[PDB]
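A look at the structure
The primary structure of each chain is shown beneath.
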There are 2 protein chains.
Amino acid sequence: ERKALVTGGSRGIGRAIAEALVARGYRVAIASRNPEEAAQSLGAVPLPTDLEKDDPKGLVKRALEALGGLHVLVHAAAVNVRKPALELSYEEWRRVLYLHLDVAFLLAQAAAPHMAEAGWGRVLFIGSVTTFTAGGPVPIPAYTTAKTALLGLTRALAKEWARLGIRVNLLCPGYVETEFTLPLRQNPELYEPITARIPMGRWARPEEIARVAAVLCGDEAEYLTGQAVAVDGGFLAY
Amino acid sequence: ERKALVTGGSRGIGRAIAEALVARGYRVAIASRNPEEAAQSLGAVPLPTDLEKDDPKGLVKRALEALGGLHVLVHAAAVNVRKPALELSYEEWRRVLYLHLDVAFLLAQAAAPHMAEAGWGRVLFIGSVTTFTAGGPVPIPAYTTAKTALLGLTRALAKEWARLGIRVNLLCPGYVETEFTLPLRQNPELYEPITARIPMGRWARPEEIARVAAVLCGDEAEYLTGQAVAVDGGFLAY
């Protein structure tokens, strides 16, 4: 019954979330550069797009038309430039901040009217342990800044749209085994020091993160809004 | 299949959580001073006890024997002495800190071995918006201290028991309509200023809080531990 749009939905965390939503009976549309194969496999509508360049408003419009409505928005698209601040160019800084933060704002702003019309909505932004820390041995200042900024956006939008029936939250996955994080998992100087700080002693599978994402996209979150929910195996608590 | 013990389970938030767990197929035991009627109504095992005086270890033992095991512990017992610090006696301070914090530690410490034996466990402590603030117009310094202390205990136990298959989290309900909070709801000078800060514009029903509690007591929290999850209608984000 609920209609959902998941960006970065062809692989990694986004894919896992899309699968979880389909399992809940939601009509799902996934956006990424080449979502065709994943969409057919998951049972979702494919929406090819380059979110680093294409107008976000346009993607929301395409989702509304493809689904016949829009109640849920999950922005799980991922990109990164893992370079220290003094090496990072402004173009690279902007690339990371645009996709993670500006697009988050633009997508949510475009989706809200439709959720309000339905009187029910769920916006789920994707954070990180870097929403609360700086990534430790990994040089990701731009990513850290963007993922922390999302907590402010989450609070701001949650505050303004609560009366409209929309809940806005920030799911903060910990260290997860995906293609996106391979550079970290393959480097011992990164993987070892990080994993030693995870009480559960292992990285997460995307599906384990998606279990919580589904909750934040359902009736379970009726009175839950403007919050970050960290699913990190105990990393931050360590 | 899962066996759960819920303190403060005859009314308010505890009762709602017990109901939610029974709905999930869990075998539940509720503890409070007079749980008989509620237990019969909910379909749970009654465990009469005065947690402000009776040895917590004894209650856990009684739960294990009544349920045939123990996988879940929810400490939702509630008490308060709403007096400013300069008026509060040490006895009153200790009354609040003992029931909310010391008993939390003692119950969890006693339950952990059984959860570890089963290789799966969920400990859910109950926080408050006072885990992050001081209660605003309400004079509750002891309660604030205890509910904030629980976040430290949550992190500490989560860190040590993660490898044992136990997840430990702090559910922080916002302003909820229960008998316990009537003094706040009945006073305009308290209710009005507080509610004006809740984006959703209303207090929660216990059942709405329980929806999230159930998640934190299930497989959805497999990779979620050592965290606080606030379900407050947007109050803290405001």
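Structure determination for this entry, per the PDB record, employed X-ray crystallography and reached 1.50 Å resolution.

Here we come to the sheet that holds strand β1 (residues 3-7) of chain B. All names here are of chain B. Here we have 7 strands laid out as an open sheet, ordered β3-β2-β1-β4-β5-β6-β7, and parallel in their pairing. The sheet is open, and its two borders are formed by β3 (45-48) and β7 (228-231), each paired with just one other strand. Neighbour-to-neighbour, the strand axes of the sheet open up by a mean angle of 20 degrees, direction not taken into account. Here 4 bridges tie strand β2 (residues 27-32) to β3, and the two strands are oriented parallel to one another. When the bridges of β3 are listed, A29 appears paired with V45.

The two copies are related by a screw operation: chain A maps onto chain B through 180 degrees of rotation and 0.0 Å of translation along the axis, at an RMSD of 0.0 Å. As the rotation angle and translation indicate, the two copies are arranged about a two-fold axis. Considering only C-alpha atoms, the part of chain A nearest the rotation axis is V229(A), at 3.1 Å. Looking at chain A, 100% of its interface residues are interface residues in chain B too, so the copies touch through the same face.

What follows concerns the packing of helix α1 (residues 12-23) of chain B against helix α8 (residues 206-216) of chain B. Residues and elements named next belong to chain B. In contact at an axis separation of 8 Å, α1 and α8 are set at 55 degrees when each is read in the N-to-C sense. Of the possible angle classes, the one that applies to α1 and α8 is oblique. As for how α1 packs across α8, the hand of that crossing is right-handed. When α1 is examined against α8, the residues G12, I13, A16, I17, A20 and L21 are found in contact with a partner set consisting of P206, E207, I209, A210, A213 and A214. When the residues that make up the contact of α1 with α8 are grouped by side-chain class, the tally is 10 nonpolar, 1 polar and 1 charged.

A word on the UniProt feature "binding site: NAD(+)" (unreviewed entry) in chain A. Residue and element names in this part refer to chain A. Those places that UniProt annotates as "binding site: NAD(+)" (unreviewed entry) correspond, in this numbering, to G8, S10, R11, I13, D50, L51, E52, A78, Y143, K147, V176 and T178. Taken along the chain, the residues just named run across 171 residues; in space they spread out, the farthest C-alpha pair reaching 23.8 Å. Locating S10 in the fold gives a position in the loop between β1 (3-7) and α1 (12-23). Ignoring sequence-local partners within four residues, the contact set of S10 consists of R15, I30, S32, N34, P35 and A38.

Before going further, it helps to spend a moment on the interface of chain A and chain B. Contacts between the two partners involve 36 residues from chain A and, on the opposite side, 36 residues from chain B. Counting the surface lost from both chain A and chain B, the interface buries some 3000 Å², and carbon and sulfur atoms represent 64% of this. In terms of surface lost to chain B, no three residues of chain A exceed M200(A), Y223(A) and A237(A), which account for 26% of the buried area on that side. Summed over the shared surface of chain A and chain B, the number is 2 salt bridges. Seen at the junction of chain A and chain B, the total is 12 residue pairs in polar contact. Looking at the side of chain A that touches chain B, the elements with two or more residues in it are α5 (141-161), α8 (206-216) and β7 (228-231) of chain A. When residues in the side of chain A that touches chain B are grouped by element, the largest group, 5 residues, is from α8(A). Per-class residue counts for the side of chain A that touches chain B are 19 nonpolar, 6 polar and 11 charged.

Residues and elements named next belong to chain B. Of the two faces of strand β4 (residues 72-75), both are covered, the one formed by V72 and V74 as well as the one formed by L73 and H75. Summarising the sheet, β1 and β4 pair through 4 bridges and their orientation is parallel. Opposite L5, over in β4, you have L73 as the bridge partner. The sheet contact formed by β4 and strand β5 (residues 121-126) spans 4 bridges and is parallel.

So, how was this worked out
Residues numbered from 1 in each chain as written, not as in the entry; some residues may be left out. Chains lettered and ligands numbered in written order. Heavy atoms only, no water. Pairing = 2+ DSSP bridges. Helix = DSSP H or I, 4+ residues; strand = E, 2+ residues; numbered from the N terminus. Axes fitted to C-alpha atoms, helices over the stretch in contact; angles between N-to-C directions. Least-squares fit on C-alpha atoms. Contact = heavy atoms within 4.5 Å. Parallel < 35°, antiparallel > 145°, perpendicular 65-115°, else oblique. Left-handed = near helix turned anticlockwise from the far one by under 90°. Nonpolar A, V, L, I, M, F, W, Y, C, P; charged D, E, K, R; others polar. UniProt positions renumbered as here; feature names shortened; annotations may be inferred. Buried area = accessible area lost by both parts, 1.4 Å probe. Salt bridge = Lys/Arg side-chain N within 4 Å of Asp/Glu carboxyl O. Polar contact = N/O pair within 3.5 Å; in protein donor to acceptor, adjacent residues only side chain to side chain. Buried < 20%, exposed > 50% of the residue type's maximum accessible area, 1.4 Å probe, protein only.

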